[PDB]
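Undergrad: Task: produce atomic coordinates for the following.
(chains A and B)
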Amino acid sequence: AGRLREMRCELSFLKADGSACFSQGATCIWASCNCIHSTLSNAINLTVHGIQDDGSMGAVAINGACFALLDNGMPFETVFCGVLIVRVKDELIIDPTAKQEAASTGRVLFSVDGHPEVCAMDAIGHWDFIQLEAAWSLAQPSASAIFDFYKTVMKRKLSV
Amino acid sequence: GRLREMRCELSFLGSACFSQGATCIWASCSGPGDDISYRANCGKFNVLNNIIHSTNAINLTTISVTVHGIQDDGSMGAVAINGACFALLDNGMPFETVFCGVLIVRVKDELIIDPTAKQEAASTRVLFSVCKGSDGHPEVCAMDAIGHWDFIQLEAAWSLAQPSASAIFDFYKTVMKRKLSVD
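TA: Numbers count the residues shown, from 1 in each chain, chains lettered A, B, ... in the order given. Next comes the structure:
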């Protein structure tokens, strides 16, 4: 099976409360609070930019939304990943790149009780259900990995 | 539960305005072309994603698709796309890349397909969107599952979304045959 895109993220240095820069996976974008059902998860309660794209449509444009507010008085109970997995040809590659257009179908990005499992998702392509299940597993595990980074990025900012 | 009455005219002015029994929309479009977001209103991220259900073959582009529905008896997604298929049917993009789609939702145990204002509310929500294609089949083109299902509550969702879908397709034929005679 494929794997996670390499992850990294610088934090704010601006003068809003929600702030950061999700510079990860060759697709470094910054957010704060073109180069929502996904964005909302758990209230209470209840604004992002992409500097460059060569990979994850949502994974980056979604994770970047969490950091900012996680580092913003808002608790960590409401965390979300949320990985995207593009099913290509046979088997499954994890995360995208320029190897994304050949996604065929492809394009299942679960916007993933904040311990393991799913909260939401989306599928796009002329494909059966036998496949989506292969994404019920392996996907959220990689998802677990990023929640750990989460903690770790937010393991340096609280104590610097 | 299941599908419902269907009110679809083309005399609105190309113009169409679908209406699944309790729900209803009033759409529009363009051929050549050269807040609460979209799809739609009642009485910073993405692009109101559902527009992807709209997008062998393209055009078939500077194409408009002003759609609205004051009679939003829940099921806004399904109707907002069902009628979005007739709007340009006046322009007459032949049976090929038309579409539905049905938004069956999960309620406690077992299933109810085409909900209500009250039913669709206390739901705890898939939105099967799909286009026939090569042969009779629908060939699922999209879904927007939310909550907790996976296979068990989806393997039996592709099912209903099938018969009640091949059925609705026919109504499109029933509407084409309508004015393919009167004019």
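Undergrad: Please, which helix or strand holds residue A:41?
TA: When elements are defined using DSSP states H and E, residue A:41 is found to belong to no helix and no strand.
Undergrad: what's the answer for residue A:76, then?
TA: Per DSSP H and E, there is no helix or strand for residue A:76.
Undergrad: The spatially closest residue to it that is not a sequence neighbour: what's it in contact with?
TA: Take residue A:76 and drop its neighbours on the chain: the residue closest to it by C-beta to C-beta, 6 or more residues apart in numbering or on different chains is residue A:70, 6.0 Å away. Using the backbone N, CA and C atoms, a C-beta is placed for each residue, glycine as well. Taking C-beta atoms under 8 Å, 6 or more residues apart in numbering or on different chains as the criterion, residue A:70 is in contact with A:76, A:79, A:150, A:154.
Undergrad: middle-most residue in chain A, spatially?
TA: Taking C-alpha atoms, centre = their mean as the criterion, residue A:59 is the residue nearest the geometric centre of chain A, at 2.9 Å.
Undergrad: could you list every residue that touches the closest residue in space to it that isn't next to it in sequence?
TA: On the basis of C-beta to C-beta, 6+ apart, the spatially nearest residue to residue A:59 that is not a chain neighbour turns out to be residue A:84, at 4.4 Å. Residues in contact with residue A:84 (C-beta under 8 Å, 6+ apart) are A:56, A:57, A:58, A:59, A:95, A:96, A:107, A:108, A:109, A:110.
Undergrad: if we can go back for a sec, settle this for me: the residue nearest to the centre of chain A is touching residue A:83, isn't it.
TA: Yes - checked against C-beta atoms under 8 Å, the pair residue A:59 and residue A:83 is within contact range at 5.5 Å.
Undergrad: intersection of neighbour lists for those two?
TA: Residues touching both residue A:59 and residue A:83 comprise A:95, A:109, with contact defined as C-beta under 8 Å, 6+ apart.
Undergrad: From the chain's centroid, how far away is the helix or strand hosting residue A:60?
TA: Assigned by DSSP H and E, residue A:60 belongs to helix A:58-70. Using C-alpha atoms, centre = their mean, to the nearest Å, we find the averaged C-alpha position of helix A:58-70 to lie 6 Å away from the chain's own average C-alpha position.
Undergrad: cool, stretch A:9-27 as well?
TA: In terms of C-alpha atoms, centre = their mean, the centre of stretch A:9-27 is found 14 Å from the chain centre.
Undergrad: what comes up buried for that stretch?
TA: Applying a neighbour-count criterion of 16 or more other C-beta atoms under 10 Å in any protein chain shown, one finds A:9, A:11-12, A:18-27 buried in stretch A:9-27.
Undergrad: For that stretch, list the C-alpha coordinates in PDB.
TA: Output in PDB follows, covering the C-alpha atoms of stretch A:9-27 (Å, rounded to 0.1, in the frame of the first residue of the first chain):
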ATOM      1  CA  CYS A   9       4.200  23.100   9.200                       C
ATOM      2  CA  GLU A  10       5.600  26.400  10.300                       C
ATOM      3  CA  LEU A  11       3.400  28.400  12.800                       C
ATOM      4  CA  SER A  12       2.300  32.100  12.800                       C
ATOM      5  CA  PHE A  13       4.300  35.300  12.900                       C
ATOM      6  CA  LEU A  14       1.500  37.800  12.000                       C
ATOM      7  CA  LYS A  15       0.100  40.900  13.600                       C
ATOM      8  CA  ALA A  16      -5.800  37.100  13.900                       C
ATOM      9  CA  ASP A  17      -6.100  34.600  16.800                       C
ATOM     10  CA  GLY A  18      -6.300  31.700  14.300                       C
ATOM     11  CA  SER A  19      -2.900  31.600  12.600                       C
ATOM     12  CA  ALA A  20      -0.300  29.300  11.100                       C
ATOM     13  CA  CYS A  21       1.200  27.900   7.900                       C
ATOM     14  CA  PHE A  22       0.700  24.400   6.800                       C
ATOM     15  CA  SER A  23       3.800  24.000   4.600                       C
ATOM     16  CA  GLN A  24       3.600  20.300   4.000                       C
ATOM     17  CA  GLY A  25       3.900  17.800   1.100                       C
ATOM     18  CA  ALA A  26       5.300  20.000  -1.700                       C
ATOM     19  CA  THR A  27       2.000  21.900  -1.300                       C
END
